[PDB]
Every structure is written in C-alpha cells, then in structure tokens.
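This report concerns only the one structure given below.
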Amino acid sequence: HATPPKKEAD
Amino acid sequence: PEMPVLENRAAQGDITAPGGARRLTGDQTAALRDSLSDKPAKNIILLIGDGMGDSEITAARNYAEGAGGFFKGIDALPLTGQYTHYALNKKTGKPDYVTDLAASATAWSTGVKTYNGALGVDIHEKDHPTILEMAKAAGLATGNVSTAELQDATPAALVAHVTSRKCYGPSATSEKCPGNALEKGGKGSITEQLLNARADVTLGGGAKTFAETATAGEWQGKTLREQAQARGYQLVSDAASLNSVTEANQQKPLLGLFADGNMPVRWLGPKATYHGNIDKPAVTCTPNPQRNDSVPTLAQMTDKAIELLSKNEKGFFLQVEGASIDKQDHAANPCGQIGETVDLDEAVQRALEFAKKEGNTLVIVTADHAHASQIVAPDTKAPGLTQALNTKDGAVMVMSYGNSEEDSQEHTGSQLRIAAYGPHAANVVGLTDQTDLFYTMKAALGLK
Amino acid sequence: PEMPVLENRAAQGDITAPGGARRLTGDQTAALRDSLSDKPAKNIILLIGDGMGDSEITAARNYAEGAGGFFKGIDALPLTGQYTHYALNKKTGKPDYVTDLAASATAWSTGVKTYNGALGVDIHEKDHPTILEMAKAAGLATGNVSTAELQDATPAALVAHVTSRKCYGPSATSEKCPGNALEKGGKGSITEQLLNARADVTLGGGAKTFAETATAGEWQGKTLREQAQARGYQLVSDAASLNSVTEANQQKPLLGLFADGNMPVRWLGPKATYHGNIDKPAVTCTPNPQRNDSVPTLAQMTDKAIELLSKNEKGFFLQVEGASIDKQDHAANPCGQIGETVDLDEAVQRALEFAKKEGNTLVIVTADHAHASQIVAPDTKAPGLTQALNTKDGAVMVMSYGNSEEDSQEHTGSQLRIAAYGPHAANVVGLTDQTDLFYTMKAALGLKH
C-alpha cells in the first residue's frame, strides 16, 4: 500500500 | 557440544583445478548434529535484509568477496531452508501470490496472513499481538532496530496495528486509516502506537514523522518528538548521543532517530541503464562519504542494542533490519544494493559472535522477498537496465533489473532463504511458511 | 532409527486465521537428528530438474497445489541448502558469473570447474572422469535418464568428453570438435562416446542423432542406432517395449530412445507475451495429447530404472533429469515449465518411496543452473513476457520472463536450491559449491579416485 503504492498522494 | 557457525566456506583452493572450488573440506554430518539443540532459548536476534534473496547474496559475494568468497556472517549459518510468503486477497481471503512488506512483516510478527498493506491486522482489520508485545508481556527486553524509517513496515509491524502501512503519523492516519486515527477513538498512527509499544530499544531513521503534532489525546498539540520526551524516552540523534547511553528499560526506554528519512547507504554508484553494460564503463563502487562517524551503522546499533538488552536476566528479543535503501534514488542501484548486503553481513557477524559465546541465543537471518535483479552474462541479449561491475576477482559481472526506470523494482512471489543458528534453529530447515517463523520464535522463547 | 521424509508440510488449516498457514505442527529438532547419518550410501539417485529452482517450484506449487499446497516429493526432502555455479573464463581462468548447462553439468559430474560449452573437460580441454564412469569402475550399476535429448548437456556430461556441447554426432563433431572427431584420433562425438560409456540403463530422447552414420571407426558406414544394436544394447522405443525389459547390465545394456528430440511436455499453454497479463486472458493448462500410455513418463522411466539397477548387489548410481522443455516453441511457456516441475515431483516421489524402504540410498534434488522466471504482482506492471494463470486456489497468478520473445530465456548466476535425503544428505545443507556435490556423491558411495 506503499511498495510503492498507487495514489498515496494528493 | 557447543554449536558451531561455519568458519570458512570459501573456494578452498585453485578454482581451475579439480576440487579447487570446493567449499567443504570434509563430511558435515557431525557438524549438523552439533548444530541441533531443543534446549530453551533465552534470546532471539532476527536479522532481516530487504529484498536480500539468493540472487542478492550471490551478487554481493561475487562483487565484494569473489565468486569463491565467503560471508563470515550471512553464509555462516549451518541450518538453512526456504519459506513461502504469499499474502491474502482482502475480499476473497484467497492467496495473492505477491506479498508486500507490510503483509510479510505481519506474517512473521503475528503469525497470520493478511492483505498487502496491512500492518498488525488480519483481513477483517482485527488486531493481533506481535512477538514483540508478547516478549514484553513475559518480562523480556525488546529491541527494534532498522536502518530504514522506524515507521516503515518492518519495524512498525512489531509495534503498530493499522489498516494501511501508509499511516505514518497523525496527518496520514486521519485520511487513510480513519478507524485508527486517535481523534476517532483509534489507537493512533504508526508512530503514536510505537510510542505506546514502548520497546526498551528503538533505533533507526524516520525522525520526520516525529515533527508532526498529535491532533488529540493527552499530548494533543505538541510534536511527537516532544511526546516521546515527556513520556520518559531517552532521545538520541547521533552516534555520540547513542554511545553515552548506559541503560535502556521501561523507566528509561531508548529511542534513537538518526535521520529524517532512511539512514545513509553504505556504497554509491551510477544507476543501471539501457545498454549500460556495453555503452558505459565497468563500475567500481565508492564509499558513501555521507557515512559519518556521527551516524551509527547497522552493525553498531546492533552492538549497542545487544549491550543494553543483555542486561535483562530474563532475556530479550531483538529485530535488526538492513534496508537503508529507498525508492527511486537509490533504486535500480546495484552499488547501493550490494553495499546494503554487506551492511547486513556485518550486523549478522556481531549477532553470531554474541550468540556463540552466550550459547542460549537463536539468530535468524532472512529476507522479506527477492528482488528481480539478476546476474546475467556479459553478453546479455535481454531487454533492460544493465551495469557491469569490477568484482574482487578482477573480472566483470553484469547486473540487470526487470523494472522500468521511472518505476521501482517490483516484488516477486518466489519462496526465499532463511537461515538460523542456535537453539530451535532446526525449525527453519526445509520448507516452512513465513508464519511458522512467528511460532518458531514464540516456542523458542516459550511465550504464551 | 529410520530416516524420515516429510509427510505433510502444507498449510495445516484456514490460512485466513491465526496459524492456519503454518506448515509445521511442532518442533523439528528430533526430525532433523533422525535425518542425519554418515553411514555409507549403497546407491545414489540424483534428480535434476531445470526449474527445480525456488522460483519455478513456488510457481508450480501455487499452480497445481495452491499457495498452501505441498509437493509430496519435491518439498519432502528434510535437508536443504544453496550452491553456487559460476564457470571459468577459458582464457583467463577467472570466474564467469553465469554458467551454461554444460559447464554446470561438468562441475557436479566430475568435481571440476570449466568454461561454458565444455562437456567433461576443463579449461585445458583435458578429460576428467565423471561420477558415472567412476561408479562403473567400482562395479556399481549405472543409470542415465532425461526427458531431453540424450545428447543434451545434462545426460551427456556423465558419459562424454568434448570441447563443445554442440558436438552431438560425427558431422557436428567433425566441424566443431575437430580434436574429438573420431577420424582424428579422438574419442568421438557425444553419442559415440555415450555408446562407449555403456551405462546399464539410458532412457531419454534424441533418436535423431542415432540416425547418423559414423565417418570412421570399426563401425564406419552404419548408423549409430545400428552400431548400438551391433554392440549388444537392448533397443526400446516406447512404453510397452520398455516394460517388457527384465534385465539390464553390461552383457545386455539398455538404451531407450522414446522421441526424435526431446520427450513430449506434460502440459500445453500459450507462450508468454508482452503485457500478456492484461492483454490476454487468464490461462489454464491443458493435457498435451501427444502424451499417452505408449510414451513413458519421467516417473515411469525412473521407476523402471530403479528396478533394473536395484538388482546389482553392489549398489547403483542413477541420474534423472526432467527437462522435456526445449527452446523456443515450449519456450517462454509457463505451462510447459510447471508441468515439468510436476513430472519431476512424481519421479522424485518414486525415488523417495524407494530410498525410504531400502535405507541406504542418498536422494539428491537440484535445479540445473538459474533462469529468469518470476512470480509478479497481477496488476499492470509486468514487464517482459508475462502470463496470467488460473491456479488451484481459484486465484490468478502472474509470471514474467524478462528475456525476449524471439530469444530464449536467459541464464542467471544466482545460487540455487539443493536438497537431499539419506546417508550423507547433510553435505548439501547450508552454502556449498556445485563441484562439492561431486565429492559428496563420490564420498558417500566410497568411490576411489
């Protein structure tokens, strides 16, 4: 959900 | 009697002559028997090396020690095996054959499979105690060491329970882990829960999140760094501060934050590029000058942790993680990738040297997943980023990662290497599951 | 004190629950001690499976047995470790980090490193006795089995000494291995030497080459197949013919040629393609129709080989390779790859079921050299050649190869998995070198230099 995520963002 | 740890398994002679490349000078049966003991374990030191699978170990050995070389730490454990690390689909509960760090770390620290991203919770977002909390509940000292951010998955899995590994501090938890947010009745973000866990020794990077202020609770309004201080922690920032520490226990728990993000890498080098192996000169890795004497190394933090935790008669549990690497500046960086394995090898040596003379310590060395980087022929014909390196053998070795630059290296689901030394080390031999590691540790220390 | 084989190391229960994914049910210290013995080995069965590597085994297990599955043969061996397989650069004598099949095969069959392509010789092109030749001189029966062509590296290293693996027969040998060419005073081509070696049992593919005629020698003018019949071999070409065999020895040695090239793959599926995990649909392997009861399986050949070699009271040496795969039609083919691991597990089971009740047999399982197969996340990013597969768990598994279509899968220098069972099994545990396996088998059987 990071590894690396998508999103985890703005 | 005494349990030995392979002294030397380097090519024994002339690799050009018959029997010259042998690593064994004789039968090993006796050695293996001497390595097997069902005696109780007073302590446990768990060394985890990020992405350090067989390919990673081989590459580092070829480069730093020569193909026929030998890691007096990593290749030194007598008992060996391969374990599975698959995760679960959160909706279906079916396997999802490529795990992430969070789920992997949750597996060995709690013993339950879960979904990629989850930390200390199953697929029902239900909490589960960690080997570390259990150790504390038995009066054992506890240590959580890592060259990465203490909020990253590996060290966090031991002290935090959130629905997403992203939830580093208040800000991030408020939006991605609402049910965990403090101001919503939750147990709080990863950092807040780390301060609650209260391990005797916690050392590493990740001081950035500690700049955040709590949005609720007893310490609402002040920085998490200020909170640790108000709660009696011994805050240390560098090597000099760390060394001056004489004790670490529940009244004076040690918290060492040595870098905003991850701790400095050991080696530097250009990154692999398309056709790098032929279109760019062969590389020789250079030391990271940012490696000050003022910033403890993975090995030194292990030493200090052992010193502090050994003063507890009942015993202790310590987890050391060597993963100063990042994403993508370090990245698809062989130089940075190799120096990282050397970092772990040093830490493992200290652990084995301690465990050997103490005789009641179980040292377990493993990785969380394999990286798809690989050692290929100088004349590779395959697509991807490559780099040639000058090894200790005076020959070149080429490396290639199957990821898109402007993309981080991917995971794989391949079962991977785990080795152990000491009491109960047998339980890592053969095929086992990553969750078996939780149970192996639990049983070795006799925790309920 | 009988040496145990792991009965069941599959997840013990509900993998969604605490401890449900556990593969152990209790302490193993006792199990391990009982798995250690330095008593001499009467026989040795060395199973070699391309893709008996950690990544290929996990993929196959996930596929056929589910993530929580358990290979009753492959995962059943108690003692495991890793071994390096680097080669030597013929010119400099220095290491070459990624070895080809021949350098690798030479290493464990003779105990000496060598250059890539080299079969049964060192960097000075000087012959070195193989493990099979040595067991021969000690009076033990010998078996050489492979689902590939018998001339191919693996089965060839045990009975042939040539400066290049390509030297299958006369023609090729004459143009690529002049020094080994018969008409030049050499020991001949791979097949010719294989025939001089005269193992008690040789089962595999590659009947193509035996159709070649010798260029010199007392058997000049006739096909190698004919030369074989003239020299006393029992020629068998299918399951029925092979089952009819009652004995195999030096007076009546057995030679089974079951396919023109490699023996038929167990499962069919399409080749992996770029972005095939999204581009194409999830794949489920299908039985290869070319595989029938007239073609023995890797398992039956192993089974029959053990039967015939087990008669020799002195003991026997047997090597079994599961490599029915090719290059590139089978290729970047997930199903062909997994089916092989599956074929392998059956042959390993027979080997273990046998060694378990005899108690003096060392079973060793290992994986070729390293390849680029990988299990990756089932979302967009692949890359290379990829393919989504429907597994036993009713979940899809994605795999990527990273070599190029219109290019065969590449080799890697990554240390590989090795496991053993029986006397001296301990010698594979922990870190060892591929050449150590030679000294391990030689020592276990008591063979003299």
Side-chain angles (χ1 to χ4, degrees), chain B residues 51 53-56 80-88 94-100 103-104 107 113 366-372 374 410-418 428 430-437, chain C residues 6 9-11 15 21 23 49-77 80 82 272 285 322 334-335 337-342 344-345 348 365-368 370-378 386-393 395-402 409 412 414-419:
Chain B
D54 293 299
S55 175
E56 245 61 297
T80 49
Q82 299 81 33
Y83 79 86
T84 54
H85 50 88
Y86 65 88
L88 297 176
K94 292 185 187 298
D96 157 357
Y97 305 92
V98 174
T99 194
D100 89 309
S104 247
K113 298 286 192 169
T366 190
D368 57 284
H369 78 290
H371 273 114
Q374 282 157 324
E410 298 222 315
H411 255 235
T412 73
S414 170
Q415 57 187 44
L416 53 96
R417 179 178 189 276
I418 181 173
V428 299
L431 182 78
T432 69
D433 183 74
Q434 184 162 54
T435 52
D436 282 291
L437 184 51
Chain C
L6 304 179
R9 284 210 179 180
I15 65 180
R23 293 181 184 282
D50 148 1
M52 192 78 88
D54 290 299
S55 186
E56 299 64 42
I57 294 169
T58 309
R61 189 192 297 115
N62 291 342
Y63 187 94
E65 307 303 304
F70 172 65
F71 276 134
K72 294 164 293 290
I74 301 182
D75 300 318
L77 299 84
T80 54
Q82 304 85 29
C285 311
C335 287
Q337 191 188 85
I338 298 170
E340 202 76 56
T341 300
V342 171
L344 244 321
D345 177 66
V348 167
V365 177
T366 172
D368 265 1
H371 287 65
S373 311
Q374 293 303 314
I375 298 170
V376 288
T386 60
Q387 187 177 77
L389 295 134
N390 293 107
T391 73
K392 183 186 186 191
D393 298 307
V396 14
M397 169 182 79
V398 175
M399 274 161 73
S400 67
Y401 286 84
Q409 60 213 311
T412 56
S414 176
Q415 53 186 48
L416 297 160
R417 173 201 191 287
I418 176 163

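Each chain gets a letter, A, B and so on, in the order its sequence line appears, and its residues count up from 1.
- A donor-acceptor contact under 3.5 angstrom links the side chains of B:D54 and C:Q415, judged on distance only.
- Residues meeting the ring pair (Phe, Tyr, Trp, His ring centres under 6.0 Å) test with C:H371, sequence neighbours left out: C:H369, C:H411.
- Between B:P95 and C:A395 the shortest heavy-atom distance is O-CB, 3.9 Å.
- A donor-acceptor pair is defined here as one N or O able to donate and one able to accept, closer than 3.5 Å; no such pair exists between the side chain of C:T386 and the backbone of C:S400.
- Using a 4.5 Å heavy-atom threshold, the side chains of C:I74 and C:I57 count as touching.
- Considering CG of B:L431 and CZ of C:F71, their distance stands at 10.5 Å, rounded to 0.5 Å.
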- Task: List the steps and the verdict of side chain to side chain contact (heavy atoms under 4.5 Å, CB included) for C:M399 and C:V376.
- Result: CA-CA 6 Å; C:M399 274 161 73; C:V376 288; 5.9 Å; no
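- In this structure, C:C285 SG and C:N390 CG are separated by 9.5 Å, a value rounded to the nearest 0.5 Å.
- B:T84 and B:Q434 are not linked by any side-chain donor-acceptor pair at a separation below 3.5 angstrom, with hydrogens and angles left out of the test.
- Side-chain N/O atoms of C:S373 and C:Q337 include a donor and acceptor closer than 3.5 Å.
- Here the CD atom belonging to C:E65 is positioned 7.0 Å from the CG atom belonging to C:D345, to the nearest 0.5 angstrom.
- For the residue pair B:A87 and B:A103, the shortest heavy atom distance occurs at CB-CB, 4.1 Å.
- Listed here is the closest heavy atom pair of B:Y86 and C:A11: OH-CB, 4.3 Å.
- No donor-acceptor distance shorter than 3.5 angstrom exists from the side chain of C:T341 to the backbone of C:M52, with no hydrogens or angles considered.
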- Carefully, step by step, assess B:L88 and B:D96 under the rule side chain to side chain contact (heavy atoms under 4.5 Å, CB included). CA-CA 5 Å; B:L88 297 176; B:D96 157 357; over 6 Å; no
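- Partners of C:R61 by salt bridge (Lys or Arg N to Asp or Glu O under 4.0 Å), not counting sequence neighbours, listed by chain and number: C:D75.
- Electrostatic pairing of B:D433 and B:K113 counts as a salt bridge here, judged by a charged N lying under 4.0 Å from a carboxylate O.
- Remark: the B:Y97 side chain and the C:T391 side chain contain an N/O donor-acceptor pair separated by less than 3.5 Å.
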- Worked check of side-chain hydrogen bond (donor to acceptor under 3.5 Å, both in side chains) between C:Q409 and C:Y401: CA-CA 7 Å; C:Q409 60 213 311; C:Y401 286 84; 5.7 Å; no
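- For the atom pair C:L344 CG and C:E56 CD, the distance stands at 11.0 Å (nearest 0.5 Å).
- Shown here for B:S104 and B:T99, the closest heavy-atom pair between the two residues is OG-CG2, 3.3 Å.
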- Derivation and outcome, side chain to side chain contact (heavy atoms under 4.5 Å, CB included), residues C:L389 and C:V396: CA-CA 5 Å; C:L389 295 134; C:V396 14; over 6 Å; no
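- Side chain of C:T412 to main chain of B:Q374: no donor-acceptor pair is present (N/O by atom type, distance under 3.5 Å, no hydrogens or angles).
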- Message: As a quick check of understanding, evaluate side chain to side chain contact (heavy atoms under 4.5 Å, CB included) for C:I375 and B:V98, giving each step before the final call.
- Response: CA-CA 7 Å; C:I375 298 170; B:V98 174; 4.1 Å; yes
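- Side chain of C:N62 to main chain of C:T58: a donor-acceptor pair is present (N/O by atom type, distance under 3.5 Å, no hydrogens or angles).
- Judged purely by atom type and a 3.5 angstrom limit, C:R9 has no side-chain atom pairing as donor or acceptor with the backbone of C:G69.
- Across all non-hydrogen atoms, the minimal contact from B:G430 to C:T80 is N-OG1, 3.5 Å.
- A side-chain donor from one of C:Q82 and B:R417 sits under 3.5 Å from a side-chain acceptor of the other.
- At least one donor-acceptor pair under 3.5 Å links the side chain of B:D368 to the backbone N or O of B:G51.
- By the ring pair (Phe, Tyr, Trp, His ring centres under 6.0 Å) test, C:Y63 is found to be paired with C:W267, residues two or more places apart in sequence or in another chain being considered.
- Taking CG of B:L416 as the start and OG of B:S55 as the end, the distance is 12.0 Å to the nearest 0.5 Å.
- Of the inter-residue distances, the one linking B:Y83 atom OH with B:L437 atom CG reads 7.5 Å to the nearest 0.5 angstrom.
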